[PDB]
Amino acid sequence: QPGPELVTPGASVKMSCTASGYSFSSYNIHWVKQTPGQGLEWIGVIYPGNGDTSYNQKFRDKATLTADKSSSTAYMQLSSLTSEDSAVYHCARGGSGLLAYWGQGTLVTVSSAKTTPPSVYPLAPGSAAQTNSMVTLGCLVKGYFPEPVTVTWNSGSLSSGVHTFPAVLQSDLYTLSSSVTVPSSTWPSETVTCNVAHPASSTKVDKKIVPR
């Protein structure tokens, strides 16, 4: 507990490994930590056969592995949560000496950061080319925490040409862009929009891409 990703510094999370790895095996169960920079880190392995656990020296005091043969469960419980533990914790099922099956991937975010609503700014074209003529438009979603946000175009009518780029961390705050492309028979003549919604604190914005 829990898995909506956001937790307080000093808390203690507990995750579970579940999928359709089907009955039969699971002789060993590994746990992997993925993070932008440190890459893949091995926390430890549990052998559900008799309980035997192995831990990385780095995570021996912070990680605890349990598993039962009743509901095919396999848990990891962290504690003393620092913002260093902000990562994607994976699970790896398989037979003897095999990282065969991998799970979904539980996202974990540890931060003392306050919740901040996003602000959206329109991005007019101008003298900066967009390929094959047409009209490329977009919005700038800047300064929100935490993730994610959802961007649509023409109330959902407008697919194709849409390019919602991933968010770059920009000093404790997230920021992403999202381009879209329509013919000149739509812009600047008629409507283009652009709905950036932000779950965690709720927000809904409408931006008419008015020309420069």
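Each residue number is its position in the shown sequence, starting from 1.
Stretches 125-133 and 95-103 differ in mean C-alpha B factor, with the higher average recorded for 125-133. According to the PDB record, 157-165 carries the higher mean C-alpha B-factor of the two stretches 157-165 and 141-149.
In the deposited coordinates, the residue among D52, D61, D172, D68 with the greatest CA B-factor is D68.
Taking the deposited Cα B-factors for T116, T82, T73, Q77, the highest one is held by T73. In the PDB entry, a CA B factor belonging to the middle third of its chain's modelled residues is recorded for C17. Placement of the Cα temperature factor of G39 within the chain: middle third of the modelled residues, per the deposited record. Split the chain's modelled residues into thirds by C-alpha temperature factor. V180 is in the middle one. Per the deposited record, the Cα B-factor of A200 falls in the lowest third when ranked against the other modelled residues of its chain. In the deposited entry, the Cα temperature factor of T186 places it in the highest third of its chain's modelled residues.
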